[PDB]
Amino acid sequence: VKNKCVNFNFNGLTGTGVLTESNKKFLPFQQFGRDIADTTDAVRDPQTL
Amino acid sequence: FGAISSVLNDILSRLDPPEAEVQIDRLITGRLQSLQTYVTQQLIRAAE
């Protein structure tokens with residue numbers, strides 16, 4: 001469920017945020033994004049990439 | 001800050017309160033010290 005303040009646990013990552021589509025393009029190997037402050041900001045959905 | 005993980009949620013997710021408190025009390029001491037220093041920086045700088 002997207003664009004809604006949803007409690008999420010990804011690959012067992014866990015946390016609360018608003019899931020939205022990201023235009024940023026991962027390189028194929030990368031899995032978890034991160035911030036300037038080293039906080040999770042971009043994630044790859046496990047089931048569908 | 002000498003705790004198992006810098007992420008608070010990771011600590012909460014993996015280990016339950018009785019041992020969690022020892023871990024979290026470490027972060028609270030650390031984070032609060034960092035917050036306290038930043039404010040004292042600002043108060044002095046705002047005086048300038």
# chains A, B, ... in the order shown; residues from 1 in each chain; ligands from 1
call {"tool": "residues_around", "arguments": {"residues": "stretch 9-18 of chain A", "least_positions_apart": "5", "cutoff": "12 Å", "atoms": "only C-alpha atoms", "output": "tab-separated table (two decimals) with N, CA and C atoms, in the first residue's frame"}}
result
chain	number	residue	atom	x	y	z
A	1	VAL	N	0.86	-1.18	0.00
A	1	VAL	CA	0.00	0.00	0.00
A	1	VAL	C	0.89	1.23	0.00
A	2	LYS	N	0.62	2.16	-0.91
A	2	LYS	CA	1.51	3.27	-1.18
A	2	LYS	C	0.85	4.60	-0.86
A	3	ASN	N	1.68	5.62	-0.67
A	3	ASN	CA	1.23	6.99	-0.44
A	3	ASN	C	0.35	7.10	0.80
A	4	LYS	N	0.66	6.31	1.82
A	4	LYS	CA	-0.12	6.31	3.04
A	4	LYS	C	0.80	5.98	4.20
A	31	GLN	N	20.64	-3.06	-2.64
A	31	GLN	CA	19.36	-3.45	-2.07
A	31	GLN	C	18.72	-2.36	-1.23
A	32	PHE	N	19.46	-1.74	-0.31
A	32	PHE	CA	18.88	-0.77	0.60
A	32	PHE	C	19.50	0.59	0.34
A	39	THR	N	20.40	7.17	7.24
A	39	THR	CA	19.12	6.59	7.64
A	39	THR	C	18.42	6.02	6.42
A	40	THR	N	17.68	4.93	6.62
A	40	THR	CA	17.01	4.26	5.51
A	40	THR	C	16.03	5.20	4.84
A	41	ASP	N	16.20	5.42	3.54
A	41	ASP	CA	15.26	6.24	2.79
A	41	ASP	C	14.74	5.59	1.53
A	42	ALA	N	15.45	4.63	0.96
A	42	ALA	CA	15.00	3.92	-0.23
A	42	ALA	C	15.16	2.43	0.01
A	43	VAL	N	14.15	1.65	-0.36
A	43	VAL	CA	14.16	0.22	-0.12
A	43	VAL	C	13.73	-0.48	-1.40
A	44	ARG	N	14.20	-1.71	-1.59
A	44	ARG	CA	13.74	-2.57	-2.67
A	44	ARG	C	12.76	-3.59	-2.13
A	45	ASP	N	11.59	-3.66	-2.75
A	45	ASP	CA	10.57	-4.61	-2.34
A	45	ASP	C	11.09	-6.02	-2.59
A	46	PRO	N	11.08	-6.90	-1.59
A	46	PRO	CA	11.65	-8.24	-1.81
A	46	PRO	C	10.95	-9.04	-2.88
A	47	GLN	N	9.63	-9.13	-2.83
A	47	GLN	CA	8.92	-10.02	-3.74
A	47	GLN	C	9.00	-9.54	-5.18
A	48	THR	N	8.72	-8.27	-5.41
A	48	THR	CA	8.85	-7.69	-6.73
A	48	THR	C	9.90	-6.61	-6.65
B	7	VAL	N	20.76	1.89	15.26
B	7	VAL	CA	19.34	2.03	14.97
B	7	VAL	C	18.53	1.63	16.19
B	8	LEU	N	17.67	2.52	16.65
B	8	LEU	CA	16.85	2.19	17.81
B	8	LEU	C	15.89	1.06	17.50
B	9	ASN	N	15.28	1.07	16.32
B	9	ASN	CA	14.27	0.07	16.01
B	9	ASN	C	14.86	-1.33	15.97
B	10	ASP	N	16.08	-1.46	15.44
B	10	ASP	CA	16.72	-2.76	15.41
B	10	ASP	C	16.80	-3.36	16.80
B	11	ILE	N	17.26	-2.57	17.77
B	11	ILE	CA	17.32	-3.05	19.15
B	11	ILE	C	15.95	-3.47	19.63
B	12	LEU	N	14.94	-2.65	19.37
B	12	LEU	CA	13.59	-2.99	19.83
B	12	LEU	C	13.07	-4.23	19.13
B	13	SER	N	13.40	-4.39	17.86
B	13	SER	CA	12.87	-5.52	17.10
B	13	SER	C	13.45	-6.84	17.59
B	14	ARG	N	14.75	-6.88	17.87
B	14	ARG	CA	15.40	-8.16	18.11
B	14	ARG	C	15.28	-8.60	19.57
call {"tool": "select_by_dssp", "arguments": {"residues": "chain A", "states": "strand (DSSP E or B)", "output": "ChimeraX atom specification"}}
result
/A:5-7,16-18,32,43
call {"tool": "select_by_dssp", "arguments": {"residues": "chain B", "states": "helix (DSSP H, G or I)", "output": "ChimeraX atom specification"}}
result
/B:8-14,17-47
call {"tool": "atom_distance", "arguments": {"atom1": "atom CA of residue B:31", "atom2": "atom CA of residue B:5"}}
result
13.0 Å
